[PDB]
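Beneath this line is the structure, given in structure tokens, with notes to follow.
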Amino acid sequence: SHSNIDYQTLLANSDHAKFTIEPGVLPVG
Amino acid sequence: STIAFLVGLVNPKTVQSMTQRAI
Amino acid sequence: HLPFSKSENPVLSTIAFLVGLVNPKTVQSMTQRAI
């Protein structure tokens with residue numbers, strides 16, 4: 001079922017005017 | 001560079017701005 | 001950095017290749033003509 005861990009899909013869409021972020025991209029630097 | 005061409009000011013850093021630091 | 005010998009302090013991390021891969025995966029060019 002689960003693994004204590006969440007993930008991201010690849011089929012969603014964009015309002016093209018969002019205001020949300022997430023540390024799943026590793027822009028560390 | 002990013003700092004080598006800017007002082008007393010800088011791009012913010014929570015997003016992928018280090019792309020700049022590799023200019 | 002490399003254009004800046006002054007680099008961010010670290011003892012065990014990963015910075016440059018990280019954003020590198022982020023941009024890479026973002027390309028989605030599964031047939032990216034490139035190097």
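Chain lettering (A, B, ...) mirrors the order of the structure tokens, residue numbering begins at 1 for each chain separately, and ligand numbering begins at 1 in order of display.
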
List the spatial neighbours of residue 1 (chain C) as number ranges by chain - criterion: any atom at most 10 Å away, only C-alpha atoms, same-chain residues fewer than 3 positions off excluded.
B: 1, 18, 21-22; C: 4-8, 16

Take the selection from the previous step and output its residues with C-alpha atoms, as a compact mmCIF listing (two decimals), in the first residue's frame.
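Result file selection-v3.txt:
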# COMPACT_ATOMS: atom_id res chain seq x y z
CA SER B 1 30.30 35.37 -11.21
CA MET B 18 22.46 28.13 -7.99
CA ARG B 21 26.29 30.29 -9.43
CA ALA B 22 27.09 28.04 -12.40
CA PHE C 4 34.15 31.12 -7.23
CA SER C 5 36.74 29.20 -5.21
CA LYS C 6 34.63 30.41 -2.32
CA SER C 7 32.14 27.56 -2.14
CA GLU C 8 29.27 26.84 0.21
CA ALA C 16 25.57 21.13 -8.19

Just the residues within 10 Å of region 12-16 of chain B, please, counting only C-alpha atoms, with nothing from its chain fewer than 2 positions along; format it as a ChimeraX atom specification.
/A:21-23,25-29 /B:9-10,18-21 /C:18-20,22-23

From the DSSP assignment of the backbone, select every residue of chain B that is alpha helix (DSSP H), and format the answer as a PyMOL selection string.
chain B and resi 18-21

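As for CA of residue 17 (chain C) and CA of residue 17 (chain B), they are spaced 13.5 Å apart.
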
d(CA of residue 20 (chain A), CA of residue 8 (chain A)) in Å
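It comes out at 13.8 Å.
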
Just the number, please: distance in Å from CA of residue 21 (chain C) to CA of residue 15 (chain A), one decimal.
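Computed distance, CA of residue 21 (chain C) to CA of residue 15 (chain A), equals 25.5 Å.
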